[PDB]
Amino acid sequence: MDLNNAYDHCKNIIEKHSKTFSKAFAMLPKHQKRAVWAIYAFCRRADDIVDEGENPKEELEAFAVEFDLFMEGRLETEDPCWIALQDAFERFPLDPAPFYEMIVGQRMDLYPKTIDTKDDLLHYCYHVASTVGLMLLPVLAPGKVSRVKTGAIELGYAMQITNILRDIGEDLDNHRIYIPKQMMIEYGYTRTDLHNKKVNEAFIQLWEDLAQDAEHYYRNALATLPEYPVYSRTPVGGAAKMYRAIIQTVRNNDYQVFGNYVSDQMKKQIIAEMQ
């Protein structure tokens, strides 16, 4: 299939898996938008290999080998996702370095994990989320990457913490815990309260402590938005605030995270205010 249909394939991936990101990046100009679809398909595939799929270790090493071949310019395929990414790499000065770091981050999720400190939390968030911001920067802010880089890394922190805070029970059911141990210790929230899906006084203290770190990172990221080109300000800002709004969504639902979505209407309001 041709380039248009390769990109359309990636558009169907992003629309299926994230209403927030697809709404946000749909407001980019044509070629930047198509490149963002292709880069998203790359992140989506690697994460799906690890989080779903039968032999995650062998499937992810074959994905890494395939990217190695791709970067050498010697991958011949009919895979629409690679056809789309090939054009994105040729069309914009994308950097392979954060693409490799993403794979390293995905390797972290192949074996059980314990986050000890906030430091280990940020190290994980960097590799699975900040890297995505870094892959997009040459598309979103051409010639200004060093200037807005720190903000995009922190926006990674902010959205990955937000994701973790929303998905406490989902991750527990899949035998994953991303809450730092030392904060469970600080606040007196034990493994047993967690296994019992308890929303108590100590849980809220711990939850709000993490949420406030996320909010700080969101504010830092949003303060760099004037340095983006005008056509990227509403997409990037809108994405950030739509994702930040999950935190208050959980607050309003009394922190019930053992069974949360920003509504479609809320998303529309956020985009209109950006606009």
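Counting begins at 1, following the sequence as shown. Between two forms, the rigid core is the largest collection of C-alphas that superpose within 1.5 Å.
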- Query: Core-aligned, which moves more in 4 other deposited structures of this protein: 236-244 or 50-58, by CA RMS?
  - Reply: 50-58
- Classify the number of deposited-sequence residues missing from the model between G259 and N260: none, 1 to 3, 4 to 9, or 10 or more. 1 to 3
- Task: On mean C-alpha B-factor from the PDB entry, just flag whether 57-65 or 223-231 is the higher one.
- Result: 57-65
- As the entry reports it, the stretch among 45-53 and 205-213 with higher mean C-alpha B factor is 45-53
- Name the residue from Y187, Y126, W82, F92 with the greatest C-alpha temperature factor listed in the entry. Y187
- Please place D87 in the lowest, middle or highest third of its chain by C-alpha B factor as given in the entry. lowest
- Note on the structure: Quick tally, chain-level thirds of C-alpha B-factors: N196 sits in the highest
- Message: For the chain shown, is the CA B-factor of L134 in the lowest, middle or highest third of its modelled residues?
- Response: middle
- Item | Chain-wide C-alpha B factor ranking for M71, given as lowest, middle or highest third | lowest
- Taking the chain's C-alpha temperature factors as the reference, tell me which third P112 falls into: lowest, middle or highest. highest
